[PDB]
Amino acid sequence: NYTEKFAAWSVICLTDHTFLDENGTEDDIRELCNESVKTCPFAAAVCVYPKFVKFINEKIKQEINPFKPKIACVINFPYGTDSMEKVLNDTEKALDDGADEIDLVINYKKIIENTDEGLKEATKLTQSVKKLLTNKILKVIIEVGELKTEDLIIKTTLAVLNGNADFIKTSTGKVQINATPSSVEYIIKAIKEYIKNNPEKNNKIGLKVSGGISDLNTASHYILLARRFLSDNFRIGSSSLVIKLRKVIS
């Protein structure tokens, strides 16, 4: 089944291979990084908590030289409720430790509870973080499974894009509802509106679909949505997908 193997190969190249079990150890991170480069197609990134960024940048880069997948670090994660000061301090430390990309949760609870103030706060936090991230990718997690409504998903997406987010990320994977085709469609609607109003940002904005993506067919579905309606510029976030896809290729 070469068609499936070809799709599987392409999808690994777009996947952020993820480990976000808070009680995890260097052993878990070593296994994650080895998996990301096991055989030929390498994952786009490894995605971890800030506490493990140094280990990857130092230890893993010493064991695997060169180590190609980018180091993506989550931030303000999963709850989105840290002060701007803490988020910025944590981000500076993560960058110091070797982080290449930042997957940042905004305060979606405040957007739900007190929308206008929450949207302004999300814009401001995203922008402040972006100032630390020249020529680095900032992905902003909007938590679509909590926002829920078309109106909040679109408004939140617009708010963070106006804060100069590079990517919109659907979900933390830490709440019950993750990406669905509908909420991805709403994000795409919002990005298109942002681009229309900011033409210089065309082909500069990415989408990362994360949470509950564990099979090739579903990964392909979302890629196709981005390709048809939206278009580096697309990622999958999964803790399991790469392992599955390597088996498909073998």
# chains A, B, ... in the order shown; residues from 1 in each chain; ligands from 1
>>> residues_around(residues="range 66-81 of chain A", least_positions_apart="6", cutoff="8 Å", atoms="only C-alpha atoms", output="NGL selection string")
:A and (16 or 36-37 or 42-50 or 53 or 56-57 or 60 or 87 or 90-91 or 94 or 98-109 or 172 or 174)
>>> residues_around(residues="range 228-233 of chain A", least_positions_apart="5", cutoff="7 Å", atoms="only C-alpha atoms", output="PyMOL selection string")
chain A and resi 188+192+203+205-207
>>> closest_residue(among="A:39, A:238, A:250, A:127", to="residue 171 in chain A", atoms="only C-alpha atoms")
A:238
>>> closest_residue(among="A:132, A:209, A:88, A:241", to="residue 224 in chain A", atoms="only C-alpha atoms")
A:209
>>> closest_residue(among="A:185, A:193, A:31, A:166", to="residue 139 in chain A", atoms="only C-alpha atoms")
A:166
